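Protein chains in written order, with my numbering: chain R, 1 to 48; chain S, 49 to 96.
Shown next as structure tokens:
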């Protein structure tokens, strides 16, 4: 199952998805959390 | 008759004090640690 948006995983075969860093968003899944592009802000940990 | 002897020079005016300087700004904060450590791939079964 893909990690729900707001978390990420960077290792093959991990049961738990780590929460994304503060000031970063994630889509459905994603190996690494992609930081906010240009002039925006997340302002919360594990924000979608 | 000759004129009276002139009087000696008068003392000079007192000087003013000097204000103290304001406190300097605090040092710039350090940036966060360089990335997370490499994650473990995880193994075994964890089954019954």
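For every residue, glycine included, the Cβ atom is placed at its ideal position computed from N, Cα and C.
Span separating the alpha-carbon of residue 73/S from that of residue 66/S: In the second chain, counting from the first residue as 1, residue 73/S sits at position 25. In the second chain, counting from the first residue as 1, residue 66/S sits at position 18. If you take the alpha carbons of residue 73/S and residue 66/S, they lie about 22 Å apart.
On the three-state DSSP scale, how would you describe residue 18/R? For the purposes of this step, residue 18/R is taken as residue 18 along the first chain, with counting starting at 1. DSSP places residue 18/R in strand when its eight states are reduced to three.
Residue 90/S at chain R interface by Cβ criterion, 8 Å: What you label residue 90/S is simply residue 42 of the second chain in a count that begins at 1. Chain R contact via Cβ: present.
Have a look at residue 25/R and residue 75/S and give me their C-alpha separation to the nearest angstrom. Taking the first residue of the first chain as position 1, residue 25/R is located at position 25. Taking the first residue of the second chain as position 1, residue 75/S is located at position 27. So the alpha carbons of these two residues sit roughly 31 Å apart.
Does residue 87/S have its Cβ less than 8 Å from a Cβ in chain R? The residue given as residue 87/S occupies position 39 in the second chain. With 8 Å as the cut-off, residue 87/S counts as an interface residue toward chain R.
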